[PDB]
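These notes concern the structure reproduced below.
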Amino acid sequence: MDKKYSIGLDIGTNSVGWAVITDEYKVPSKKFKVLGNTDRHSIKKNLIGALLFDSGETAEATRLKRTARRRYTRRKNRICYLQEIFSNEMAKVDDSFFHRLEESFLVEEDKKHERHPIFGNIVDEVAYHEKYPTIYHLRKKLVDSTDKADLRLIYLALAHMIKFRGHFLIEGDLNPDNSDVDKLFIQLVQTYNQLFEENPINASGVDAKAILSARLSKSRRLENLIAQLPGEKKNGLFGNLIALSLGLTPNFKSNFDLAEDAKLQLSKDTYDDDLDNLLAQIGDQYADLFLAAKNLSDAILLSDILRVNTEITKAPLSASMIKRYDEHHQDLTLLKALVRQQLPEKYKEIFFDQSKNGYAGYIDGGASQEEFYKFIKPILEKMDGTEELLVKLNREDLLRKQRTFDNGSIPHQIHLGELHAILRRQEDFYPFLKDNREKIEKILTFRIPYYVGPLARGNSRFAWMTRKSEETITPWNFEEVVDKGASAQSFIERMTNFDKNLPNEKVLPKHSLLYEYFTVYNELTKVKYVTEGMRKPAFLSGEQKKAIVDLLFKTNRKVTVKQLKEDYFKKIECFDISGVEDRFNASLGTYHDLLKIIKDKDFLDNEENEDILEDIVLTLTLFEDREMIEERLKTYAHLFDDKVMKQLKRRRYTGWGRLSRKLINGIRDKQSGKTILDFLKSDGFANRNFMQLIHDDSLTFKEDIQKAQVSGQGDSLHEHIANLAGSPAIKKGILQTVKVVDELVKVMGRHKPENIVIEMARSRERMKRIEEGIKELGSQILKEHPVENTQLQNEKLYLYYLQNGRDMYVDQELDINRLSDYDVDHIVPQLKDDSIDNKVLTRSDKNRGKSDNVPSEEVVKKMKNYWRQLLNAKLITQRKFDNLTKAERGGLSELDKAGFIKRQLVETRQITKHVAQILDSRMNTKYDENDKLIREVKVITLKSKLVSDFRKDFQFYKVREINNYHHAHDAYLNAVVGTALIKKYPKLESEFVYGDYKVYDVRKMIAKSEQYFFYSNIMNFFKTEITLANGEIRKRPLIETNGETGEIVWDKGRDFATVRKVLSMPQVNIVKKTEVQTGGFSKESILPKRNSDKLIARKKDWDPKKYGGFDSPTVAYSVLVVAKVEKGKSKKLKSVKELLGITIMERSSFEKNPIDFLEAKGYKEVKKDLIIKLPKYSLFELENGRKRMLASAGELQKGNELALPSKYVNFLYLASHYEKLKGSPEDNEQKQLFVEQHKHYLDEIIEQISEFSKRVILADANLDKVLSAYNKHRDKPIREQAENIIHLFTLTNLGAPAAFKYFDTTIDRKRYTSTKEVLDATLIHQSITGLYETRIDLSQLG
RNA sequence: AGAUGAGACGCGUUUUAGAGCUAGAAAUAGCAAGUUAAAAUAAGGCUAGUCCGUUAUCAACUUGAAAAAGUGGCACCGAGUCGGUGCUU
DNA sequence: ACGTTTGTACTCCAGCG
DNA sequence: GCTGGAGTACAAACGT
């Protein structure tokens, strides 16, 4: 009844690997009983396998389509509101006008009225359309002319102006402060000068209206604007901002000296995320300045459209569109004349061919403005007399349409002013317009605020609003019905996120003063000072740090570190940088912003006004409606002034922090009586940063954080996964891991295991670093030696550039071409510090003789000054310099060894600790007498470097492209590595096994002397012959044992053979998770009308043969149907077994009632109990062993899996990385000799793939093309051959058929679009592990 | 680092309306023009709201209205997708 | 037996700023 | 971008 097994797990985003081992590291195999109606009754199966599934999706797409649905509903409601105000008199002018306008979509055969909607006859409609060629002619006529106009025309203009109404980015009416180009240009310059104040630009005599708004090519407008400013250049920072505001796409990489490219364009949809990334790499003080650039661009593009003399016409948008219409007509007839005289042969191509990108494609085809311009530019350059059209063409103002992509810069008050002008002009001619002016204006200007949300009655997951009365919320009685304060309160309580550390506490705003002081002091506590006579840089004292902050940061915002001491040590301490950058990045921006708002330092400096400013910051952060901001600032009025109230209204902070106030000023250590903010304020001899306070075992912040995280999530498994942090793709994998764990517990006779091992899946920059270092030292790597650092990506090239071509310990240079004379020595040998910081390049010296320390005292005396110069030139990092100076720092100490072992051992990702918490909570469910948890499973978590090194030292090599066996193999290897680490070192269970107990100290456990873990590695106990530092060897015992208990754990000969046998094992359990497809109904494109029958109706009574519609419907699942069908013309009932797919629309209509749906489909005398539901990836087994996975109603996928012998995959790895061995020269030479000695494995593996594909793939055209290509490229080097041989493996891979490329030739995918072979197969119903099956022989069904 | 949520614009697409002219019986040709508007924008659902409809969850079989629970012997020798031997059921 | 109705090979396509 | 839908040309398979 005791089995003593263990479970290993590999968790990925698309895969879960699992394995079961015994105590002898051997996976057991058991025979399982299968159900169904076939004759098989016992399948011997191995307890190792993987589970594959589709990636989980985020809900942003659903959010966007939900939002779009809401705007379409609200727009239709606005139109309907205008209809019900106009109906009673629209009935007088034309009783069935609104019916004509509603049903205008349909065909003349389906119309109950005349075809023409507006007037309803022929001659008046043509007369109207000749009088007003566009809607803007009619709008200008209605605003300008004072004659009595028809009510239908007033309605049409009003509804066009209400339906399309522009944005709401400008609060209040348009005034020259917030609309004019000059005022916003001065605001942008003021923001720039405020942000720097050192070498500023002063623009007082400039005329930004004359330069920016001029009808000029935008590059030349940029050039003229820059030409006025003497200091700034074209590609300067403010120059690139002016270019960005003009509509260009400039690079900001050289502006902030960022190596990565920094092209930012307003017109791109990606600008939001690109600005977030750019601001992340350059600091967030550039936020308001770039926002002002966006505002300047809005003003510029508004004046580009609105470019008519407004003194002669009160409606400027209609007159501007009139001008654009007239210039389009003039250039159209002019272009017609020039292509008639110059190029008459191409006339039908430009003006008639809709398929091309000419004018016919520009008007009738799908050609945009950019593609039309790119088409017509080289034709226009070829003719003569077309200078004007080119001047318009570089300005994007040639043959321009009215409804363009760039009408999004039009604010709503332009349409509101036109509406108000129309209502004044036609006022005294209809009394009802005088009665309902304000109602129509309110219809246009009303906008549901952010905090009110969707107006629901109770049946909504997303609504939080509350009502005072119970009636319909029209826009006019909105304030009389909607309870605004309680809606705002519910919005605050429900939408602001919770903290990761405290799920029941509330985070801070990003610009909130507690978090500002927290981050300032978090970067300030790790700052030393260097003054007069003092050898050891001590950190800044808490009183000194507080005084320095209050005297510099609160006075000059962003403070230079050189200016820091200049004003702290040289001036304040009167003693003329350490632990800091050139300047202190963190600053109290909100503090100085509110200082400029209020002009009272004493109000901000008072600790009693802290909650006042806190509530101000929160209200300006989360709220954006002006009335609600004023209403919640109304309580804060009597302590303030009205002017300051106006400035506080204008200011809008945005963003949220990650910390809670209970986690800064709330948590208090009972033994010490100080907070986290008090520790950062003054910690005496520590001044530890935030992580070090929350990572302290001597403090209660561990016990508080661990206890407060408990019961922050629900008792249910789904609830516990749901509001846990992380991507939904990782949540799907975690849930599948819990499911496979419980069924694996079930399969071993309800036995809890011992361990459940868990593992979570996890050049130009160098050239910029090398060029900066070479320029800092004045090196000849780019002067005398050629500058090719962009192509220097090899490790030898990396080291050679980083060491300036001079070896680290050798006091000379080294030839760049002669890399064999040089060598690479790791600094800390077996931590596995394989990074280039520890991997110094040593030409001759072999560390000068040492055991574990990288340098000697003589080596330190050699590479002291040169290494100091390299660190000053940023070539040598601080960690690398400490490693190279450890010998003069004391060699290798026991504390450094403790750091090395805890570095290979402690995982840092919180998601791993979390998933360990669910599995440990779901398996340990018993309590002791004193209510103590009974640990029956030791949950063990590792990191991927351990198992990666376990692959690369003992040649258990993995390539990913042969089969999906590597998931289960990684799970098995993780299991054996974790169990070996807990068997050899059981006292280290406090470091990585879940739970806090028996903490111990690695400081003394290293023991620092010959006769637990003395060497600088935590996995060295596997290696049978450990190497040394300065070219020496050290043997190891064969059988490993525990120090105290007598237990053999790593007998070398018998366990390596077992792991080889398990890795080379042909059958593991690969299961693809069957899913019912959900999502969109079909493709979203709307196609023109067709005679074909696979067009889906867009509505009920819109037949697609005369209306168009969608196609390619997504099949939810499939149903096997046996029935009869109509045969012949003589009413013959021929029985037919058929597979039919069910669309999502049909999924609802078919799960409602299946039977009558099938009768209405065309089937008769169906068998109701023989309806087999087949979801996606349903496994079918065929003759000889062929497996097919169902992809749709009429498409299958590859189902089999290729089991390659381990010699072949080891050879495939070793030949692939011929030039990337990265080891000893002797080991690399031996590997090269081995791979050049065995090369017939290529022919053997081609025979293997040929037999497998001839067996289960049946794609003989592609297979013959592969064989001919392989014979064509026989005389080829092995390294080039291996990469395309492993590219070849996607022909026989599992899943969808893909298209691949072997060498030159590209092989096209063989798709399986026939399911007629499936109905005479054996359907397989697999469990979550696939150990439990149900096989149905479909030949015997029906 | 990463989930979720609220408010809005601008296009785009599809049908229809913007009478096309001259010569030949036709096939066709030559010529003139073109920029806009309406409606829909997941079919639709009922609790009829200026709501909701693409996230998450899902092998089979037996109970249960659902929720949920329950259903499959063990060792040894081997390995081309798992096979064989023995004990007991 | 004549002639009309299903399987293979290939190409193109997919709402967005 | 991946991968299933749809169209089209063409021959094989077959129903009348």
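Ordering of the structure tokens sets the chain letters (A, B, ...); residue numbers start at 1 within each chain; ligands are numbered from 1 in the order shown.
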Quiz prompt | region 171-174 of chain A environment, 12 Å, only C-alpha atoms (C1' of nucleotides), sequence neighbours closer than 2 positions dropped, as a list in words | solution = residues 167, 168, 169, 176, 177, 178, 179, 180, 299, 302, 410, 411, 412, 413, 414, 415, 416, 417, 445, 624, 625, 626, 627, 649 and 650 of chain A
May I have the selected residues written with N, CA and C atoms, as a PDB file, in the first residue's frame?
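Once written, part39.pdb looks like this:
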ATOM      1  N   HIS A 167     -14.320  64.875 -31.528  1.00  0.00           N
ATOM      2  CA  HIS A 167     -13.773  64.422 -30.260  1.00  0.00           C
ATOM      3  C   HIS A 167     -14.154  65.371 -29.128  1.00  0.00           C
ATOM      4  N   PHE A 168     -13.723  65.014 -27.917  1.00  0.00           N
ATOM      5  CA  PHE A 168     -13.988  65.772 -26.701  1.00  0.00           C
ATOM      6  C   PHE A 168     -12.700  66.070 -25.944  1.00  0.00           C
ATOM      7  N   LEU A 169     -11.583  66.198 -26.657  1.00  0.00           N
ATOM      8  CA  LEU A 169     -10.296  66.402 -26.008  1.00  0.00           C
ATOM      9  C   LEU A 169     -10.087  67.827 -25.513  1.00  0.00           C
ATOM     10  N   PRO A 176      -8.531  81.207 -28.079  1.00  0.00           N
ATOM     11  CA  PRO A 176      -7.135  81.218 -28.553  1.00  0.00           C
ATOM     12  C   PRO A 176      -6.095  80.669 -27.583  1.00  0.00           C
ATOM     13  N   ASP A 177      -6.441  80.505 -26.304  1.00  0.00           N
ATOM     14  CA  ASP A 177      -5.505  79.887 -25.372  1.00  0.00           C
ATOM     15  C   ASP A 177      -5.309  78.406 -25.679  1.00  0.00           C
ATOM     16  N   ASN A 178      -6.372  77.714 -26.098  1.00  0.00           N
ATOM     17  CA  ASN A 178      -6.330  76.268 -26.281  1.00  0.00           C
ATOM     18  C   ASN A 178      -6.656  75.815 -27.705  1.00  0.00           C
ATOM     19  N   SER A 179      -6.639  76.722 -28.679  1.00  0.00           N
ATOM     20  CA  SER A 179      -6.869  76.321 -30.061  1.00  0.00           C
ATOM     21  C   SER A 179      -5.799  76.867 -30.992  1.00  0.00           C
ATOM     22  N   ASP A 180      -5.272  78.043 -30.669  1.00  0.00           N
ATOM     23  CA  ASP A 180      -4.355  78.729 -31.563  1.00  0.00           C
ATOM     24  C   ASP A 180      -3.003  78.028 -31.597  1.00  0.00           C
ATOM     25  N   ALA A 299      -3.587  71.275 -33.001  1.00  0.00           N
ATOM     26  CA  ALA A 299      -3.819  72.644 -33.452  1.00  0.00           C
ATOM     27  C   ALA A 299      -3.374  72.838 -34.897  1.00  0.00           C
ATOM     28  N   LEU A 302      -5.775  70.907 -37.213  1.00  0.00           N
ATOM     29  CA  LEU A 302      -7.042  71.622 -37.240  1.00  0.00           C
ATOM     30  C   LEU A 302      -6.960  72.832 -38.161  1.00  0.00           C
ATOM     31  N   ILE A 410     -10.943  67.129 -35.425  1.00  0.00           N
ATOM     32  CA  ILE A 410     -12.015  68.118 -35.381  1.00  0.00           C
ATOM     33  C   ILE A 410     -12.716  68.005 -34.031  1.00  0.00           C
ATOM     34  N   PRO A 411     -12.696  69.041 -33.200  1.00  0.00           N
ATOM     35  CA  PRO A 411     -13.428  68.993 -31.935  1.00  0.00           C
ATOM     36  C   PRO A 411     -14.918  69.190 -32.155  1.00  0.00           C
ATOM     37  N   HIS A 412     -15.694  68.874 -31.115  1.00  0.00           N
ATOM     38  CA  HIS A 412     -17.142  68.891 -31.277  1.00  0.00           C
ATOM     39  C   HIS A 412     -17.712  70.298 -31.314  1.00  0.00           C
ATOM     40  N   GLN A 413     -17.005  71.295 -30.779  1.00  0.00           N
ATOM     41  CA  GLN A 413     -17.594  72.625 -30.763  1.00  0.00           C
ATOM     42  C   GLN A 413     -17.598  73.293 -32.128  1.00  0.00           C
ATOM     43  N   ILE A 414     -16.850  72.791 -33.110  1.00  0.00           N
ATOM     44  CA  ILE A 414     -17.006  73.293 -34.474  1.00  0.00           C
ATOM     45  C   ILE A 414     -18.395  72.954 -34.999  1.00  0.00           C
ATOM     46  N   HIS A 415     -18.785  71.687 -34.863  1.00  0.00           N
ATOM     47  CA  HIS A 415     -20.132  71.271 -35.218  1.00  0.00           C
ATOM     48  C   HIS A 415     -21.171  71.928 -34.323  1.00  0.00           C
ATOM     49  N   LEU A 416     -20.841  72.153 -33.049  1.00  0.00           N
ATOM     50  CA  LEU A 416     -21.774  72.817 -32.145  1.00  0.00           C
ATOM     51  C   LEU A 416     -21.994  74.272 -32.540  1.00  0.00           C
ATOM     52  N   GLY A 417     -20.937  74.960 -32.970  1.00  0.00           N
ATOM     53  CA  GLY A 417     -21.089  76.319 -33.453  1.00  0.00           C
ATOM     54  C   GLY A 417     -21.884  76.389 -34.739  1.00  0.00           C
ATOM     55  N   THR A 445     -23.961  67.610 -27.492  1.00  0.00           N
ATOM     56  CA  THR A 445     -22.827  67.777 -26.590  1.00  0.00           C
ATOM     57  C   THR A 445     -22.803  66.780 -25.443  1.00  0.00           C
ATOM     58  N   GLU A 624     -11.485  62.559 -14.309  1.00  0.00           N
ATOM     59  CA  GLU A 624     -11.175  63.430 -15.435  1.00  0.00           C
ATOM     60  C   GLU A 624     -12.299  64.375 -15.829  1.00  0.00           C
ATOM     61  N   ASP A 625     -13.541  64.123 -15.418  1.00  0.00           N
ATOM     62  CA  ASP A 625     -14.617  65.066 -15.690  1.00  0.00           C
ATOM     63  C   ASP A 625     -14.407  66.294 -14.811  1.00  0.00           C
ATOM     64  N   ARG A 626     -14.611  67.475 -15.399  1.00  0.00           N
ATOM     65  CA  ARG A 626     -14.324  68.722 -14.696  1.00  0.00           C
ATOM     66  C   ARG A 626     -15.290  68.954 -13.542  1.00  0.00           C
ATOM     67  N   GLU A 627     -16.575  68.655 -13.748  1.00  0.00           N
ATOM     68  CA  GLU A 627     -17.578  68.905 -12.718  1.00  0.00           C
ATOM     69  C   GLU A 627     -17.367  68.020 -11.492  1.00  0.00           C
ATOM     70  N   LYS A 649      -7.988  72.617 -11.108  1.00  0.00           N
ATOM     71  CA  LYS A 649      -8.913  72.065 -12.091  1.00  0.00           C
ATOM     72  C   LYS A 649      -8.197  71.712 -13.386  1.00  0.00           C
ATOM     73  N   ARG A 650      -7.295  72.586 -13.847  1.00  0.00           N
ATOM     74  CA  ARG A 650      -6.630  72.337 -15.126  1.00  0.00           C
ATOM     75  C   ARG A 650      -5.653  71.165 -15.053  1.00  0.00           C
TER      76      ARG A 650
END
Quiz prompt | Picked from region 812-998 of chain A by DSSP as alpha helix (DSSP H), as number ranges by chain | solution = A: 857-862, 865-872, 878-884, 894-905, 910-923, 944-954, 965-984, 989-992
Quiz prompt | Residues of chain A within 8 Å of chain D, counting only C-alpha atoms (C1' of nucleotides), as an MDAnalysis selection string | solution = chainID A and resid 1111:1113 1192 1296
Exercise. Once DSSP has gone over the backbone, tell me which residues of region 925-969 of chain A are in strand (DSSP E or B), as number ranges by chain.
Key: A: 927, 933, 938-941
Practice problem: Compute the set of chain A residues within 6 Å of chain B, using only C-alpha atoms (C1' of nucleotides), and express it as a VMD selection string. | Solution: chain A and resid 33 59 62 74 101 104 to 106 116 134 166 to 167 401 405 407 to 408 449 to 450 453 456 to 457 726 1066 to 1067 1079 to 1080 1086 1107 1325 to 1327
Could you please take those selected residues and save N, CA, C and O atoms as a compact mmCIF listing (two decimals), in the first residue's frame?
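Saved to out_10.txt:
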# COMPACT_ATOMS: atom_id res chain seq x y z
N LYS A 33 -7.08 -0.52 -18.40
CA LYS A 33 -8.26 -1.08 -19.03
C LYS A 33 -8.94 0.00 -19.86
O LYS A 33 -9.19 1.10 -19.36
N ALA A 59 -8.54 39.36 -22.69
CA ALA A 59 -9.89 39.84 -22.95
C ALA A 59 -9.92 41.22 -23.59
O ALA A 59 -10.98 41.85 -23.61
N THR A 62 -12.22 41.31 -26.73
CA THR A 62 -13.61 41.33 -26.30
C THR A 62 -13.99 42.69 -25.74
O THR A 62 -15.10 43.18 -25.98
N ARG A 74 -25.32 53.70 -28.82
CA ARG A 74 -25.55 55.06 -28.36
C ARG A 74 -25.69 56.03 -29.53
O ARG A 74 -26.47 56.98 -29.46
N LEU A 101 -35.90 57.08 -45.40
CA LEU A 101 -34.53 57.18 -44.91
C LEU A 101 -34.10 55.93 -44.16
O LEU A 101 -32.93 55.56 -44.20
N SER A 104 -33.60 52.80 -46.77
CA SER A 104 -32.77 53.17 -47.92
C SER A 104 -31.74 52.11 -48.29
O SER A 104 -31.23 52.14 -49.42
N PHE A 105 -31.41 51.19 -47.39
CA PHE A 105 -30.42 50.17 -47.68
C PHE A 105 -30.88 49.16 -48.73
O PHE A 105 -30.04 48.59 -49.43
N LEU A 106 -32.18 48.95 -48.87
CA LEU A 106 -32.68 47.82 -49.63
C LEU A 106 -32.75 48.13 -51.13
O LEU A 106 -32.44 49.24 -51.59
N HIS A 116 -35.69 57.24 -54.30
CA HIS A 116 -34.98 58.41 -53.80
C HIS A 116 -35.46 58.75 -52.40
O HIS A 116 -36.64 59.05 -52.22
N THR A 134 -22.12 68.05 -52.28
CA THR A 134 -21.79 67.36 -51.04
C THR A 134 -22.72 67.87 -49.94
O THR A 134 -23.55 68.75 -50.15
N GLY A 166 -17.13 64.47 -33.88
CA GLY A 166 -15.79 64.81 -33.43
C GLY A 166 -15.51 64.47 -31.97
O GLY A 166 -16.33 63.89 -31.26
N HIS A 167 -14.32 64.87 -31.53
CA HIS A 167 -13.77 64.42 -30.26
C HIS A 167 -14.15 65.37 -29.13
O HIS A 167 -14.81 66.40 -29.33
N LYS A 401 -10.04 64.02 -50.66
CA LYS A 401 -11.42 63.70 -50.34
C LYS A 401 -11.88 64.46 -49.10
O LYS A 401 -11.08 64.95 -48.31
N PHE A 405 -9.02 60.21 -43.49
CA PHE A 405 -8.60 59.54 -42.27
C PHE A 405 -8.22 60.52 -41.16
O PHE A 405 -8.16 60.12 -40.00
N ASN A 407 -9.74 63.41 -40.14
CA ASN A 407 -10.81 64.23 -39.59
C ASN A 407 -11.00 64.03 -38.10
O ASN A 407 -11.91 64.63 -37.51
N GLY A 408 -10.17 63.20 -37.47
CA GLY A 408 -10.24 62.97 -36.05
C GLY A 408 -9.70 64.09 -35.20
O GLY A 408 -9.79 64.02 -33.97
N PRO A 449 -19.99 60.19 -18.80
CA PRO A 449 -18.67 60.33 -18.19
C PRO A 449 -18.03 58.98 -17.92
O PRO A 449 -18.65 57.93 -18.03
N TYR A 450 -16.74 59.04 -17.57
CA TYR A 450 -15.99 57.82 -17.30
C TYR A 450 -16.53 57.09 -16.08
O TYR A 450 -16.68 55.86 -16.10
N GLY A 453 -20.39 55.10 -16.18
CA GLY A 453 -20.40 53.76 -16.73
C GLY A 453 -21.66 53.46 -17.50
O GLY A 453 -22.45 54.35 -17.82
N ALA A 456 -27.32 50.72 -16.61
CA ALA A 456 -28.01 49.44 -16.50
C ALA A 456 -29.06 49.48 -15.39
O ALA A 456 -29.10 50.40 -14.57
N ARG A 457 -29.92 48.48 -15.40
CA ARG A 457 -30.98 48.32 -14.42
C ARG A 457 -30.64 47.23 -13.41
O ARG A 457 -31.31 47.12 -12.38
N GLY A 726 -0.53 37.44 -13.13
CA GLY A 726 0.03 36.70 -14.24
C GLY A 726 -0.88 36.70 -15.46
O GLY A 726 -2.06 37.05 -15.40
N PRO A 1066 10.56 4.84 -26.46
CA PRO A 1066 9.81 5.24 -27.67
C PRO A 1066 8.42 5.81 -27.43
O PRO A 1066 7.94 6.60 -28.25
N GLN A 1067 7.76 5.43 -26.34
CA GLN A 1067 6.35 5.76 -26.14
C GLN A 1067 6.18 6.59 -24.88
O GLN A 1067 6.41 6.09 -23.77
N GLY A 1079 -15.47 32.19 -30.12
CA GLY A 1079 -14.91 33.43 -30.62
C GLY A 1079 -15.89 34.10 -31.56
O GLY A 1079 -17.10 34.00 -31.38
N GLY A 1080 -15.34 34.79 -32.55
CA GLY A 1080 -16.16 35.44 -33.55
C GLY A 1080 -16.88 34.43 -34.43
O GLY A 1080 -16.44 33.29 -34.60
N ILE A 1086 -16.73 42.29 -45.12
CA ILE A 1086 -18.01 42.23 -45.80
C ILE A 1086 -17.74 42.23 -47.29
O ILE A 1086 -17.13 43.17 -47.82
N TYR A 1107 -27.28 41.17 -51.47
CA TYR A 1107 -26.85 42.09 -50.42
C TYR A 1107 -25.41 41.91 -49.97
O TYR A 1107 -24.85 42.84 -49.37
N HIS A 1325 -11.05 8.50 -27.11
CA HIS A 1325 -11.45 9.48 -26.10
C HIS A 1325 -10.43 9.41 -24.98
O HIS A 1325 -10.45 8.46 -24.18
N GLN A 1326 -9.56 10.41 -24.90
CA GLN A 1326 -8.44 10.39 -23.98
C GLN A 1326 -8.73 11.22 -22.74
O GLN A 1326 -9.43 12.23 -22.80
N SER A 1327 -8.16 10.79 -21.61
CA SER A 1327 -8.26 11.55 -20.37
C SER A 1327 -7.26 12.70 -20.41
O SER A 1327 -6.62 12.97 -21.43
List as CSV every residue of chain C that is in contact with chain A, defined as an atom at most 10 Å from one of its atoms (using only C-alpha atoms (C1' of nucleotides)), together with the nearest atom pair and the distance in Å rounded to one decimal, sorted by chain and then rising number.
residue,atom,partner,partner_atom,distance
C:7,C1',A:1314,CA,8.4
C:8,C1',A:1313,CA,9.5
C:9,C1',A:1310,CA,9.4
C:10,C1',A:1308,CA,9.6
C:14,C1',A:1083,CA,7.2
C:15,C1',A:1084,CA,6.7
C:16,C1',A:269,CA,8.5
C:17,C1',A:269,CA,5.4
Would you save the residues of that selection, restricted to N, CA, C and O atoms (P, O5', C5', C4', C3', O3' and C1' of nucleotides), as a short mmCIF file (atom, residue, chain, number, x, y, z; two decimals), in the first residue's frame?
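For reference, out.cif as written:
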data_model
loop_
_atom_site.label_atom_id
_atom_site.label_comp_id
_atom_site.auth_asym_id
_atom_site.auth_seq_id
_atom_site.Cartn_x
_atom_site.Cartn_y
_atom_site.Cartn_z
P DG C 7 -15.54 12.51 -52.74
"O5'" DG C 7 -14.13 12.60 -53.49
"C5'" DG C 7 -12.95 12.87 -52.75
"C4'" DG C 7 -11.71 12.46 -53.53
"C3'" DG C 7 -10.40 12.99 -52.98
"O3'" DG C 7 -9.33 12.18 -53.45
"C1'" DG C 7 -10.86 14.09 -55.00
P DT C 8 -7.86 12.32 -52.82
"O5'" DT C 8 -7.08 13.21 -53.89
"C5'" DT C 8 -5.76 13.64 -53.61
"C4'" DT C 8 -5.20 14.48 -54.73
"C3'" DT C 8 -4.21 15.56 -54.28
"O3'" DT C 8 -3.12 15.63 -55.19
"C1'" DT C 8 -5.91 16.54 -55.54
P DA C 9 -1.65 15.99 -54.65
"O5'" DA C 9 -1.33 17.41 -55.31
"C5'" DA C 9 -1.31 17.55 -56.72
"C4'" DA C 9 -1.26 19.01 -57.11
"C3'" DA C 9 -0.47 19.90 -56.15
"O3'" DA C 9 0.46 20.68 -56.87
"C1'" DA C 9 -2.66 20.79 -56.48
P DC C 10 1.50 21.63 -56.11
"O5'" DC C 10 0.82 23.06 -56.23
"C5'" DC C 10 0.28 23.47 -57.47
"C4'" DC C 10 -0.48 24.77 -57.34
"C3'" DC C 10 0.11 25.77 -56.34
"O3'" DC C 10 0.52 26.94 -57.04
"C1'" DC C 10 -2.26 25.58 -56.12
P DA C 14 -7.89 40.15 -46.96
"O5'" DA C 14 -8.36 40.01 -45.44
"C5'" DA C 14 -9.60 39.39 -45.15
"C4'" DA C 14 -9.46 38.44 -43.98
"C3'" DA C 14 -9.05 39.09 -42.66
"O3'" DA C 14 -9.89 38.62 -41.63
"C1'" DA C 14 -7.66 37.26 -43.12
P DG C 15 -11.10 39.52 -41.10
"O5'" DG C 15 -10.39 40.63 -40.21
"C5'" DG C 15 -11.11 41.74 -39.78
"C4'" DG C 15 -10.38 43.01 -40.12
"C3'" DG C 15 -9.48 43.54 -39.00
"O3'" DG C 15 -8.16 43.71 -39.48
"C1'" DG C 15 -10.90 45.25 -39.83
P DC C 16 -6.98 44.09 -38.47
"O5'" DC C 16 -6.87 45.68 -38.59
"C5'" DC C 16 -6.84 46.27 -39.88
"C4'" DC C 16 -6.70 47.78 -39.78
"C3'" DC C 16 -5.79 48.28 -38.65
"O3'" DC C 16 -4.91 49.26 -39.16
"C1'" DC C 16 -7.84 49.40 -38.58
P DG C 17 -3.50 49.55 -38.44
"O5'" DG C 17 -3.44 51.14 -38.37
"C5'" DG C 17 -4.41 51.92 -39.07
"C4'" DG C 17 -4.42 53.34 -38.54
"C3'" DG C 17 -3.75 53.50 -37.20
"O3'" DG C 17 -2.36 53.69 -37.38
"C1'" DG C 17 -5.84 54.63 -37.20
#
